[PDB]
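*Asks:* Provided herewith is a single structure, encoded as structure tokens, for subsequent inquiry.
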Amino acid sequence: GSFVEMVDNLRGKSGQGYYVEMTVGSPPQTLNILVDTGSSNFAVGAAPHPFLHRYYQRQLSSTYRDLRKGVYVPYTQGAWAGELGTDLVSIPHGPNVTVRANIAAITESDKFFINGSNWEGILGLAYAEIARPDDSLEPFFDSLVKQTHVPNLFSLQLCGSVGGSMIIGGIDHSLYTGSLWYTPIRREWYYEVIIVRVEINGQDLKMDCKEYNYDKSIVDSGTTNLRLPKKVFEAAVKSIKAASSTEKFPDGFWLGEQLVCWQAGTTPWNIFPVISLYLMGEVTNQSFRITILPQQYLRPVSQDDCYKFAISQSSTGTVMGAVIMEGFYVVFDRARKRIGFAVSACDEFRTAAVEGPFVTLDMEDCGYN
Ligand SMILES: C[C@H]1C[C@]2(CCN1Cc1ccccc1)C(NC1CCCCC1)=NC(=O)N2c1cccc(F)c1
């Protein structure tokens, strides 16, 4: 294929995110950057930190332009503070272009960088509406499309030391099998989508579909888990427990407070159910479903394989994190305001699936207002 040089451009450590090499400034300064569809800022570590192997040195870059404005980005689990500026940016294993982009130089942080993750910055690929300090700070992808002829689309193949591909400007047919099924991007802020039905081993969870998207459902490459709103998490855990009753697990396992380990190569994948998420399709009353295996929602943490239940509670809507994305080739079709899912080219009894079409009525009632 024509996008061959972008294949395998992602690396990472299990549960520590996927990173791409990005070259900043003049002379070049290459750093490993977290690929995050759940945020909108391009920000790099710019001062020594115990968890950083390297950092951006603005004084060494002749093309760096200080924007003379600070920036602060807080989250529930951590935060960072820095200085705004612009500099020349290229992705050596990405598109063959160089752009002048906004860059936040991280000078201080709290619980943001991960010890041993091998990444030193973050590439927020979501929209300007959630950019900090505000929506006037143009995200990297917007700068890329405005300054070059690169098509307004990117796609991600995250393979569960990890690897993957970020194809910028198109779709690589070698990265998937079967058909690509599209769900609309409801609103351009996060990559917001609509889940219309949930099944555990083919059994309908039978909740009002508004609950699946309360207060939003997002596609986020930067979040490890499948995060579910409290009511949905509780019903989904109750159903998963019942479907996996051939073995008993402590309550704390389902809450992520306890891990369960098995002798190398003996994990009884067959005892755990498959999870199906139905997404709103592109045609009236049409939906499709994506099916997740336990190999995706049970994440590996000697002669023992330890696992964490990677489905967790949220009070800020559903988050379809790397747990969900890892079974699929995911297309962020920004030009047509849609997200595509296909079976990824990366057991003997079951496989992750993308199936359709299904008839689902009143799907418009599933969205939060
Ligand atoms: C950007 C952050 C935002 C993120 C999820 C992960 N990415 C990526 C990431 C960053 C650092 C380390 C690991 C992942 C988040 N996302 C929410 C989704 C729902 C709607 C509200 C936002 N909440 C958090 O607390 N996060 C977080 C997690 C760890 C460290 C950190 F500093 C922040």
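In the structure tokens, each chain is lettered A, B, ... as it comes, each chain's residues begin at 1, and ligands are numbered from 1 in order of appearance.
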List as a PyMOL selection string the protein and nucleic acid residues lying within 9 Å of ligand 1, with only C-alpha atoms and all ligand atoms counted.

*Replies:* chain A and resi 15-17+34-41+73-80+109-114+121-122+124+190+216-218+220-224+227+314-319+321

*Asks:* Return as a tab-separated table the residues of stretch 154-240 of chain A lying at most 12 Å from stretch 136-143 of chain A, together with the closest atom-to-atom pair for each and the distance in Å to one decimal, counting only C-alpha atoms, with rows in chain order and ascending residue number.

*Replies:*
```
residue	atom	partner	partner_atom	distance
A:154	CA	A:141	CA	9.3
A:168	CA	A:141	CA	9.6
A:169	CA	A:141	CA	10.4
A:189	CA	A:139	CA	11.3
```

*Asks:* Under the rule that only C-alpha atoms are counted, which of A:7, A:261, A:104, A:361 is the nearest residue to residue A:345?

*Replies:*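 Closest residue, counting only C-alpha atoms: A:7.
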
*Asks:* Write out as a PyMOL selection string the set of residues from stretch 131-343 of chain A that DSSP, computed on the backbone, places in strand (DSSP E).

*Replies:* chain A and resi 154-159+162-168+176-184+192-193+195-200+203-204+217-219+226-229+260-263+275-280+286-292+298-300+304-309+311-314+318-320+328-333+338-343

*Asks:* So which one's closest to residue A:263, A:237, A:228, A:162, A:306? Using only C-alpha atoms, please.

*Replies:*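 Under the stated criterion, the closest residue is A:306.
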
*Asks:* Contacts of residue A:82 at 9 Å or less, counting only C-alpha atoms, minus same-chain residues fewer than 2 places along, as a list in words?

*Replies:* residues 43, 45, 46, 69, 70, 71, 72, 73, 80, 84, 104, 105, 106, 107, 108 and 109 of chain A

*Asks:* Write down as an MDAnalysis selection string the residues of stretch 93-219 of chain A whose backbone DSSP state falls under helix (DSSP H, G or I).

*Replies:* chainID A and resid 128:130 140:147 173:175 209:213

*Asks:* Out of A:193, A:175, A:275, A:259, which residue has the shortest atom-to-atom distance to residue A:236 when counting only C-alpha atoms?

*Replies:* A:275

*Asks:* For residue A:115, which residue among A:95, A:294, A:300, A:50 is the nearest when counting only C-alpha atoms?

*Replies:*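 Distance minimum relative to residue A:115 lands on A:50.
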
*Asks:* With distances taken over only C-alpha atoms, which of A:23, A:242, A:63, A:295 is nearest to residue A:270?

*Replies:*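 Ranked by minimum distance to residue A:270, first place goes to A:295.
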
*Asks:* Rounded to one decimal, what separation in Å do you get between atom CA of residue A:215 and atom CA of residue A:322?

*Replies:*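 Pair atom CA of residue A:215 / atom CA of residue A:322 returns 20.1 Å.
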
*Asks:* Could you jot down the atom CA of residue A:297 to atom CA of residue A:125 separation for me, Å, one decimal place?

*Replies:*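 According to the coordinates, atom CA of residue A:297 and atom CA of residue A:125 are separated by 24.0 Å.
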
*Asks:* As a PyMOL selection string, please: the residues near residue A:364 (cut-off 10 Å, only C-alpha atoms, same-chain neighbours under 3 positions excluded).

*Replies:* chain A and resi 194+196+209-210+280+284-285+361+367-368

*Asks:* Any chance you can output those residues with N, CA, C and O atoms as a PDB file, in the first residue's frame?

*Replies:*
```
ATOM      1  N   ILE A 194     -22.586   7.842  19.902  1.00  0.00           N
ATOM      2  CA  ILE A 194     -23.821   7.389  20.536  1.00  0.00           C
ATOM      3  C   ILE A 194     -23.874   5.847  20.562  1.00  0.00           C
ATOM      4  O   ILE A 194     -23.887   5.198  19.503  1.00  0.00           O
ATOM      5  N   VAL A 196     -26.132   2.702  21.420  1.00  0.00           N
ATOM      6  CA  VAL A 196     -27.574   2.502  21.429  1.00  0.00           C
ATOM      7  C   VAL A 196     -28.016   1.205  22.125  1.00  0.00           C
ATOM      8  O   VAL A 196     -29.209   1.020  22.371  1.00  0.00           O
ATOM      9  N   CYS A 209     -31.192   3.476  26.800  1.00  0.00           N
ATOM     10  CA  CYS A 209     -29.965   3.833  26.079  1.00  0.00           C
ATOM     11  C   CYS A 209     -29.384   5.229  26.441  1.00  0.00           C
ATOM     12  O   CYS A 209     -28.174   5.448  26.262  1.00  0.00           O
ATOM     13  N   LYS A 210     -30.197   6.139  27.000  1.00  0.00           N
ATOM     14  CA  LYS A 210     -29.712   7.454  27.510  1.00  0.00           C
ATOM     15  C   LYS A 210     -28.592   7.264  28.566  1.00  0.00           C
ATOM     16  O   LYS A 210     -27.683   8.085  28.678  1.00  0.00           O
ATOM     17  N   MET A 280     -24.743   3.902  16.805  1.00  0.00           N
ATOM     18  CA  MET A 280     -25.632   4.498  15.815  1.00  0.00           C
ATOM     19  C   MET A 280     -24.929   4.469  14.420  1.00  0.00           C
ATOM     20  O   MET A 280     -23.762   4.829  14.324  1.00  0.00           O
ATOM     21  N   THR A 284     -30.847   6.123   8.840  1.00  0.00           N
ATOM     22  CA  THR A 284     -32.004   6.082   9.755  1.00  0.00           C
ATOM     23  C   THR A 284     -32.294   4.652  10.214  1.00  0.00           C
ATOM     24  O   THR A 284     -32.328   3.744   9.382  1.00  0.00           O
ATOM     25  N   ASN A 285     -32.465   4.449  11.553  1.00  0.00           N
ATOM     26  CA  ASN A 285     -32.793   3.149  12.175  1.00  0.00           C
ATOM     27  C   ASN A 285     -31.767   2.035  11.967  1.00  0.00           C
ATOM     28  O   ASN A 285     -32.045   0.884  12.292  1.00  0.00           O
ATOM     29  N   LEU A 361     -34.581   1.313  16.531  1.00  0.00           N
ATOM     30  CA  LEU A 361     -35.490   2.461  16.426  1.00  0.00           C
ATOM     31  C   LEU A 361     -35.227   3.468  17.525  1.00  0.00           C
ATOM     32  O   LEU A 361     -34.651   3.092  18.545  1.00  0.00           O
ATOM     33  N   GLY A 367     -29.131  10.094  22.998  1.00  0.00           N
ATOM     34  CA  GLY A 367     -28.205  11.192  23.277  1.00  0.00           C
ATOM     35  C   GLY A 367     -28.559  12.146  24.405  1.00  0.00           C
ATOM     36  O   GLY A 367     -29.730  12.490  24.585  1.00  0.00           O
ATOM     37  N   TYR A 368     -27.520  12.623  25.143  1.00  0.00           N
ATOM     38  CA  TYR A 368     -27.667  13.567  26.260  1.00  0.00           C
ATOM     39  C   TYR A 368     -27.735  15.017  25.774  1.00  0.00           C
ATOM     40  O   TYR A 368     -26.938  15.416  24.930  1.00  0.00           O
TER      41      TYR A 368
END
```
